[PDB]
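Fold and geometry: a report
Here are the chains, one letter per residue:
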Amino acid sequence: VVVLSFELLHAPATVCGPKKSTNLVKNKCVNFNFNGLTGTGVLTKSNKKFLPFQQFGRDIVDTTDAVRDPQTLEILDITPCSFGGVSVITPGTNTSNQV
Amino acid sequence: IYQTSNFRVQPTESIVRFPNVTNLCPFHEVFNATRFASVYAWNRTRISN
Amino acid sequence: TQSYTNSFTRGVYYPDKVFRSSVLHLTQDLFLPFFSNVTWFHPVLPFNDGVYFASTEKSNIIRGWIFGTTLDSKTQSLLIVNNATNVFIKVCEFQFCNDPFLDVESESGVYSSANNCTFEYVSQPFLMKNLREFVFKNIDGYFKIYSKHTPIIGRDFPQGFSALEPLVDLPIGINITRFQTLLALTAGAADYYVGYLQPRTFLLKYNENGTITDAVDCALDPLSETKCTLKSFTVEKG
Ligand SMILES: *[C@@H]1O[C@H](CO)[C@@H](O)[C@H](O)[C@H]1NC(C)=O
Ligand SMILES: *[C@@H]1O[C@H](CO)[C@@H](O)[C@H](O)[C@H]1NC(C)=O
Ligand SMILES: *[C@@H]1O[C@H](CO)[C@@H](O)[C@H](O)[C@H]1NC(C)=O
Ligand SMILES: *[C@@H]1O[C@H](CO)[C@@H](O)[C@H](O)[C@H]1NC(C)=O
Ligand SMILES: *[C@@H]1O[C@H](CO)[C@@H](O)[C@H](O)[C@H]1NC(C)=O
């Protein structure tokens, strides 16, 4: 017999179960999670020159636009997926119904 | 002309990219040892980090 | 032993791990004030928020560091020894000998004896005329360490700018109110300096390659504060 006590107390845990991952899809709108970096967008290949301790990348207004993938250490751009407004053009309903 | 609503392209799937898994805690040796001495003199080791 | 000198423009490290290109990021953190007053040593030294240790120690004489509460075999301490092939970080207790000199016959020189050791982290020697700059920081028990190696030739403490990279973030949290140095073996060429960081504000400048090339303190003189307020390195007439 063995006693495997799973003590969890005030001292930091630092003893947790593993975490699996999935594939990488490029040039497709998708959700993502990189060690706890939520967000959605299109992941492509970038030509930036991260120093070998920098993970994120940020613009003049603090919007994340670059990520270093954990397993394979390359650089991916991040562009949010398409959005915009919609306007409807009509003649009067007293006249017609096409738009 | 009337500005009614908005317009968006929906996400396709989901991706998770946690890093490589290593530094597996040792547990086979406790189970696979073929001996635990005795119940009044048992072997214990603390496993952490 | 203690002779003093000004600090010039030294002691700037990367605050975070974010890559920025051709920007000017105004940062609020603990730093070393420009043109400060360091003590050139030729001891007892406290530890309030962090230090700037700049031992040139030309060949190899100075090595080793002790951090903790009592620096003995009573309360948990820390050790850092990087000779040529490996570096050790022991978080266990060691009573202290008379001098911080290594016996070089194995361990009785610097310290007295060993006991009940715990977590050990190893790595390559931190070494890769030989200037060495380190910054020690202990915030919420991560013990941030920063370093930069410039064996280039200058003065005993010249001017010039060099950013400092991060090195390790060990999961620690022992109490570090006091520290003391170490060496191996007073009238020696133990050229090194100390100096305490300070909560201030800066204006770091990044280049497209991703490296800090310049900075300006925001509490030195009126012109520096004007530059920080405009968030620019140039000021027009007005
Ligand atoms: C440093 O402190 C000394 C006194 O300890 C003082 O005379 C000197 O003006 C200060 N500044 C510099 C740059 O030495
Ligand atoms: C840490 O140790 C020092 C003595 O080295 C002591 O004065 C202090 O109360 C201890 N605790 C903290 C939180 O600094
Ligand atoms: C450095 O010290 C460690 C432990 O004292 C030792 O194992 C190692 O061999 C030393 N390095 C060299 C190059 O001898
Ligand atoms: C070291 O730690 C152990 C366990 O905490 C304790 O029993 C022992 O008295 C301590 N001191 C020495 C010298 O082993
Ligand atoms: C950054 O790297 C690029 C590519 O090697 C180089 O052309 C550029 O000059 C570097 N930036 C510097 C040295 O400031």
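Right, let's talk about the overall build of chain B for a bit. Counting secondary structure elements, chain B contains 1 helix and 2 strands. Dimensions of chain B, computed from the C-alpha atoms along their principal axes, are close to 85 × 20 × 20 Å. Counting over 49 residues, chain B shows a buried share of 4%.

Glancing now at the site of ligand 2. Residues and elements named next belong to chain C. Every residue near ligand 2 is listed here: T69, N175 and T177. The side chain of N175 places a nitrogen or oxygen atom 2.4 Å from an oxygen atom of ligand 2. Taken by itself ligand 2 offers 360 Å² of open surface, and the protein chains cover 38% of this.

Attention now goes to the site of ligand 3. Residues and elements named next belong to chain C. Contacts to ligand 3 come from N83, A84, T85 and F88. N83 has a polar side-chain atom sitting 2.4 Å from an oxygen atom of ligand 3. Between ligand 3 and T85 there is a distance of 2.8 Å, counted from a nitrogen atom to a side-chain nitrogen or oxygen. Burial of ligand 3 by the protein amounts to 39% of the accessible area it has alone, namely 360 Å². Grouping the constituent residues of the shell around ligand 3 by class yields 2 nonpolar, 2 polar and no charged.

A few words now on the side chain of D72(C). All names here are of chain C. Positionally, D72 belongs in the loop between β9 (62-68) and β10 (77-79). Summary of buried charges: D72 has no salt-bridge partner, and the nearest side chain of opposite charge, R178, is 8.2 Å away. Polar side-chain contacts of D72 include one of 2.8 Å to the side chain of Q95. Look past the residues within four positions of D72 in its chain and what remains in contact with it is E93, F94, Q95 and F96.

With that out of the way, let us pick up the UniProt feature "disulfide bond" in chain A. Residues and elements named next belong to chain A. Sulfur atoms bridged by a disulfide sit less than 2.5 Å apart; for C29 and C81, annotated as such a bridge in UniProt, the distance of 2.0 Å is consistent with the bond. In this pair, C29 sits in the segment before β1 (30-32) while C81 sits in the loop between β5 (75-79) and β6 (83-88), placing the two residues 52 residues apart along the sequence. Here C29 falls in the buried class, since its relative accessible area comes to 10%.

This paragraph deals with unusual backbone geometry. Residues and elements named next belong to chain C. One non-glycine residue, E57, lies in positive phi territory at about 40°. Along the polypeptide, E57 turns up in the loop between β8 (51-53) and β9. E57 sits in the buried class, given a relative accessible area of 12%. Even without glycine at this site, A187 takes up a positive phi of about 60°. Tracing the backbone shows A187 in the loop between β20 (178-184) and β21 (192-193).

Backbone hydrogen bonds hold the strands of a sheet together, and the pairing may be parallel or antiparallel. Residue and element names in this part refer to chain C. Strand order in the open sheet formed by 3 strands is β11-β12-β16, and the pairing between neighbours is antiparallel. On the outer flanks of this sheet lie β11 (81-82) and β16 (120-123), each paired with one strand and no other. Bridging between β11 and strand β12 (residues 87-90) involves 2 bridges; their strand directions are antiparallel. Paired with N82 across the strands is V87, a residue of β12.

Let us now look at the state of the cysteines. Tallied over the full model, the rule gives 3 disulfides over all chains. In this model, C29(A) is linked to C81(A) through a disulfide, with the two sulfur atoms separated by 2.0 Å. Between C29(A) and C81(A), the S-S torsion sits near 130°, and that sign places the bridge as right-handed. Here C218(C) pairs with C228(C) through a disulfide, and the sulfurs are 2.0 Å apart.

What follows deals with the packing of aromatic side chains. Residues and elements named next belong to chain C. This model, assessed by the stated rule, comprises 21 aromatic pairs over all chains. Their ring planes at 40° and their centres at 5.9 Å tell us that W40 and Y193 sit as a pair that is tilted. Residue class for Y193 comes out buried when judged on its relative accessible area of 3%. Over the ring of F233 we find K205; its NZ or CZ atom is 5.8 Å from the centre of that ring.

What counts as what
Per-chain numbering applies: from 1 upward along each written sequence, possibly unlike the entry's numbering, with residues missing coordinates excluded. Chains carry letters from A onward and ligands carry numbers from 1 onward, assigned in written order. Part of a larger assembly is shown; the reported values describe that part exclusively. Each side-chain value is worked out from all heavy atoms of the structure, with water and hydrogens disregarded. By the criteria applied, helices consist of DSSP H or I runs no shorter than four residues and strands consist of E runs no shorter than two, each listed in order from the N terminus. We call a residue buried when its accessible area falls under 20% of the maximum for its residue type, exposed when it is over 50%, and partly exposed in between, using a 1.4 Å probe and counting protein chains only. Any residue with a heavy atom positioned within 4 Å of a molecule or strand is treated as near that molecule or strand. Polar contact is the term for a pair of N or O atoms within 3.5 Å; when the atoms are in protein, one must be able to donate a hydrogen and the other to accept it, and sequence-neighboring residues count only if both atoms are side-chain atoms. In these tables, accessible area is a Shrake-Rupley quantity obtained with a 1.4 Å probe, and a residue counts as shielded only by the protein chains included in the view. Note that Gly is not counted as nonpolar here; it falls among the polar residues with everything else outside the nonpolar set of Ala, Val, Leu, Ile, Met, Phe, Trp, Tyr, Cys and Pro and the charged set of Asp, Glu, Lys and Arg. When charges are tallied, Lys and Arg are placed among the positive residues and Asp and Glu among the negative ones, while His and the ends of the chain are skipped. The salt bridge criterion pairs a side-chain nitrogen of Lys or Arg with a carboxyl oxygen of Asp or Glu, the two atoms within 4 Å. Contacts are residue-level and defined by heavy atoms, with any inter-residue pair within 4.5 Å sufficient. Pairs of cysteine sulfur atoms within 2.5 Å are what we label disulfides. UniProt positions are given in the numbering used here, feature names are shortened, and annotations may be inferred rather than shown by experiment. Any two strands with at least two DSSP-identified bridges between them are counted as paired. Ring pairs shown here join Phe, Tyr and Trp side chains whose ring centres sit within 6.5 Å, with only the six-membered ring taken for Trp; geometry is labelled stacked below 30 degrees between planes, edge-to-face above 60, and tilted in between. The rule for a charge over a ring is simple: NZ of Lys or CZ of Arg within 6 Å of the ring centre, and within 35 degrees of the ring normal.

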